[PDB]
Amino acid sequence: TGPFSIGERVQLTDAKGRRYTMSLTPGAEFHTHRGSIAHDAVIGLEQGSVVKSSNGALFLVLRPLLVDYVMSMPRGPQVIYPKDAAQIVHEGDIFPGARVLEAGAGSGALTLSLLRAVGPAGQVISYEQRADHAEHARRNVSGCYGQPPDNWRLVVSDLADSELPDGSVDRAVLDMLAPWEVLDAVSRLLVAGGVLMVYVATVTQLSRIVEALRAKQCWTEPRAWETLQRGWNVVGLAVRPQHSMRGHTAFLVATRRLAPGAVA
């Protein structure tokens, strides 16, 4: 992508790690607590450059990675965390060209990883039953690209009421309070062999969705797990895990769709 251009998102990091994000606009002045930075001074610079404020405070300038962008969007429905989005893409096998169904669009954080994984030849169909939440996702997804992707369909309705054709999606991902309520729709929509990933914060949700999947009888035995992420301090002889860590985000569940009338 080269040097910074107009319209681009830029991440600024001051001398003690606070991150600031802006959209480059000629003539605009970016304001922080360590001074102000002119957008005109950043437009044209190479990534990884250090700019100086109006008060001399030094700032590192970089293009945000998708994970940086997703974690700094406006307040709204809780975004999925990076370790979980990574495994949804990977264990959910979101392949190039896939047709993916998603429900809860929420803030669109997972949506952006799903769109990146399927690429221009694939498609993402996201349901968001709340109109207000949907506007957040729509705004966040467009803000990553500069415009609405043409391979993204956002449907403002309950997924349970979906009218899409049978077997029209290759992969499905659910992040909502009550995923068992949309399982009949998912079972109809997802093709044979298709992968379903479910993200649930509590063990009561976890048990209920795994048992609902088994009761529907058209799914492989569900696989359920959690991941814990722990940062490390690696400074001279002081090499040790960090003292604070996030204890939990949510559990993951993976299952695959059986063929019409198959058992095992």
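Start at 1 and count along the sequence shown; that's the residue number.
Participant: Averaging only over Cα atoms, indicate whether 1 to 9 or 253 to 261 has the higher B-factor in the PDB entry.
Facilitator: Comparing 1 to 9 with 253 to 261, the higher average CA B-factor belongs to 1 to 9.
Participant: Regarding 111 to 119 and 137 to 145, which shows the higher C-alpha temperature factor on average in the entry?
Facilitator: Result of the comparison: 137 to 145.
Participant: So if I compare the CA B-factors in the entry for 52, 214, 208, 63, which one is the largest?
Facilitator: That would be 52, according to the entry.
Participant: Would you mind finding, among 201, 238, 228, 58, the residue with the largest C-alpha temperature factor in the entry?
Facilitator: That would be 58, according to the entry.
Participant: Sorting the chain's CA B-factors, does residue 75 end up in the lowest, middle or highest third?
Facilitator: For residue 75, the deposited C-alpha B-factor lands in the highest third.
Participant: By the recorded C-alpha temperature factor, relative to the other modelled residues in its chain, which third is residue 222 in?
Facilitator: Answer is lowest: the recorded C-alpha B-factor places it there.
Participant: Please rank the C-alpha B-factors of the chain's modelled residues and tell me whether residue 163 sits in the lowest, middle or highest third.
Facilitator: Tercile = highest for this residue's CA B-factor.
Participant: Lowest, middle or highest third: which one holds residue 244 when the chain's residues are ordered by CA B-factor from the entry?
Facilitator: Middle third - that is where residue 244 ends up once the chain's C-alpha B-factors are sorted.
Participant: Taking the chain's C-alpha temperature factors as the reference, tell me which third residue 30 falls into: lowest, middle or highest.
Facilitator: Top third by C-alpha B-factor.
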